[PDB]
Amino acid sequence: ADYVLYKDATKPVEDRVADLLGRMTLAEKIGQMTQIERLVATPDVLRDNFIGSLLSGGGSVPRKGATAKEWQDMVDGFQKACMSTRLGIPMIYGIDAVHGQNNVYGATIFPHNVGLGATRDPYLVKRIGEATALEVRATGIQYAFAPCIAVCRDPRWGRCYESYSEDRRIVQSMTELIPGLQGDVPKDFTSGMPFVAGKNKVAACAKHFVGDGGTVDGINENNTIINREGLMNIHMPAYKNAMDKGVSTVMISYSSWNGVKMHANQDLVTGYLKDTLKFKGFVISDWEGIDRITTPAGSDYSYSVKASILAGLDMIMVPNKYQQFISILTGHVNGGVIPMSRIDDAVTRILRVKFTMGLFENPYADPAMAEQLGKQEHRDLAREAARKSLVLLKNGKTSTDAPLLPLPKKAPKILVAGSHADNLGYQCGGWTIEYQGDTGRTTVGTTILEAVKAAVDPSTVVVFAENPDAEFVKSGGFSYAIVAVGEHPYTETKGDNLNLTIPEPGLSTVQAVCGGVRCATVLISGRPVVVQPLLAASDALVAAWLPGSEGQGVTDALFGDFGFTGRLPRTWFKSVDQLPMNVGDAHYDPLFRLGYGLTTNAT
């Protein structure tokens, strides 16, 4: 008679959810709907407020250099508090694992999405989902705020690198990340149902709904709108693919559609997402997304709670002032302004994901998964992904020249140069350790320089110089140079240079190097950038994007272990004044069109 149906793992999900829901107080219900930052979490807060979820925002780590097991103990300690509530509902912990488990020291860092788009390899992206789930589970975390399925329509946007492509079809194809993260859905599966296979997978999050990649110039942050077939055709369709693959959660965008803030948009969130696509997982706000419904943000938090919850959101990434969120939502429900049926829907959806994913049976971390973090086989996958992301834009200055690439591994002396040749942080870009990136050795990885040294014949002398002058290069006796430059890490509002020109010295290093020896230029960037001066100077030029921790991906193609196969996932503009300029635009005048890429053969 101490039997409680919701605790019975043999019962169907929908019965467990309904049984548990019908026992819950208002406080317990509203707790479920509350996500807080670890920085404000204690066992008492978690227990006394019946908190449903936690996250680490970018850079929110228990300490600098924390091991997998430290992560696991942090999450488990929070989970123990939540399991000691009257109902014992486990919390779900989320994190931005968007190119590997990128907040964690020693995690494998995969290419950013723009690079993944250039692979045109959905199955490679799936496997990256698989590896990423294992690394997230290594740290005890059960939920990843990925994939970002924005269709970036203007490369000036500081998050353009988080979109697989300006071409939504590529974005749709890459939703295969989802069954990678979550597991493959069953044979008999209903589009819109949430799925996660078990304790070696995580919940995924299609974000940010909807129209986050939309213009204007670049995208950071207006309405980021358009109109109607702009939507139902550019920005919406990957969400349907995400429904077919059983994405567990959807995160709402800061942006607006038709001058309506997505966080208050009942027609799209409830009418379309829930009622038309039949999404039955849970909808989560962005970070203080509800505060930003009002101008200024936070200026009427009461309306923010009301508008967002009536719009159809289920869980609020508060993430700091939980007391205020819980108090206000509690008043609204007690005052009849938000009906109990809206609350019960929200809680039903949270519980459905929790139960479906096995969180009630496995609330705690598995210490045996800790060694998944930065595991070598993941790194080999990342290496392959990096290599397949490279786009060869030039291989010889004239049609009569010998192709520079592939380079020979055996040569008396070679030069490696450029601010980006020996810099892990630059090669990983934004959302790494975090929420920016860094510079230097922030994690375990192999820079372009270390990769060259690992690859070349032992008789090859390798000289590193970051910004050598012309005379140093001419006097060196080099057979060739590999020179790496490009963007600094950035995001939407921090370090986004809207000129799209690489920081100096960059161009000047290329000119000085290429001026004195045959050069392969490796361009590290989150997007197309002004490139003619780099091309004019370079014998060969490679768009390596933000290839992540495994630099050997770069050298694998440079030295001919594998051929170049990457193709531009974005249009390369001649000038920023042409933007926005996407495939299908009326005056399509590219320097390189979407899909362009030179090839080599393996030697």
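Numbering starts at 1 and follows the sequence shown.
Of the two stretches 171-179 and 441-449, which shows the higher Cα B-factor on average in the entry? It is 441-449 that shows the higher mean C-alpha B-factor.
Please compare 152-160 with 432-440 and name the stretch with the higher mean C-alpha B-factor in the deposited structure. Mean B over CA atoms: larger for 432-440.
From the list 286, 188, 314, 377, select the residue with the highest C-alpha B factor recorded in the entry. That would be 188, according to the entry.
Could you say which of 223, 419, 142, 327 has its CA atom at the highest B factor, as listed in the PDB entry? Answer for 223, 419, 142, 327: 223, with the highest C-alpha B-factor.
Sort the modelled residues of this chain by their C-alpha B factor and say whether residue 570 lands in the lowest, middle or highest third. Middle third by C-alpha B-factor.
Taking the chain's C-alpha temperature factors as the reference, tell me which third residue 33 falls into: lowest, middle or highest. It falls in the bottom third of the chain.
Using the B-factors in the PDB entry, rank residue 527's C-alpha atom against the chain and give the third, lowest, middle or highest. Ranked within chain, residue 527 CA B lands in the middle tercile.
Quick one: classify residue 45 as lowest, middle or highest third of the chain based on its Cα B-factor. Its C-alpha B-factor, which the entry lists for residue 45, ranks in the middle third among residues of this chain.
Going by the entry, which third of its chain does the Cα temperature factor of residue 91 land in? Residue 91: CA B-factor falls in the lowest third of its chain.
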